């Protein structure tokens, strides 16, 4: 609603030229590119006080920018390095209020030597216990997304064809399925809790959807298994009396 960016998640190969785009719908003159890393917080890469203007921030090295239009601030990684794996955040501010920066949603970039470990999730829905229903007059469904890599997913619940947010909790952090491994795959759970009476109506349809961010059309793939492209994986259940 304020500032917008490239895809929320991106996976790229070491050495590749990477483009991140920030687009704002606020008519602001100032735009800023930051990265955000654990322990270090926000560090300013580059900023632009107007169209066709730019100035290096604190950590410009390895990055380029262009400000061709007022609404757009492009960040370029000429040759992606693994230490450029980060959360990239763009912000904008109106002239005269340079410091009140409004941030976009960000783009999480992972840079890897190759993409051979990229795997989409399997998704399964687990239905409410009859014991929970009689004890509490509530009903909790659980969605499990398993076996995916990298940890670039968005899970949503859809009830009767419409996304729901009330009664939902999704793990803020994934589990590593093999915590001793550097390239362990991930698992994620979510819960959706509804009233027993709602669950007991079998017309009600419940779908857990996981948007996986993986390879694009242009990425190369020479393995036996299906190319792990960006895709939605889902599982579903109906209420039961």
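Residue numbers count along the first chain shown, from 1.
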Response to the item:
Higher of the two mean Cα B-factors (91 to 99, 147 to 155; per PDB record) comes from 91 to 99
Discussion item. Tell me which stretch has the larger mean Cα B-factor in this entry, 8 to 16 or 224 to 232.
Written reply: 224 to 232
Item to complete: Specify which of 127, 132, 163, 113 carries the largest Cα B factor in the deposited PDB entry.
Response: 113
Worksheet item: In the PDB entry, which of 174, 202, 214, 60 has its C-alpha at the highest B-factor?
Response: 174
Discussion item. Lowest, middle or highest third: which one holds residue 193 when the chain's residues are ordered by CA B-factor from the entry?
Written reply: lowest
Worksheet item: Where does residue 81 sit by CA temperature factor within its chain: lowest, middle or highest third?
Response: highest
Response to the item:
Binned into thirds over the chain's modelled residues, the C-alpha B-factor of residue 67 lands in the highest
Fill in: Cα B factor band for residue 56 (lowest, middle or highest third within the chain)
middle
Worksheet item: By the record's CA B-factor, is residue 105 among the lowest, middle or highest third of residues in the chain?
Response: highest
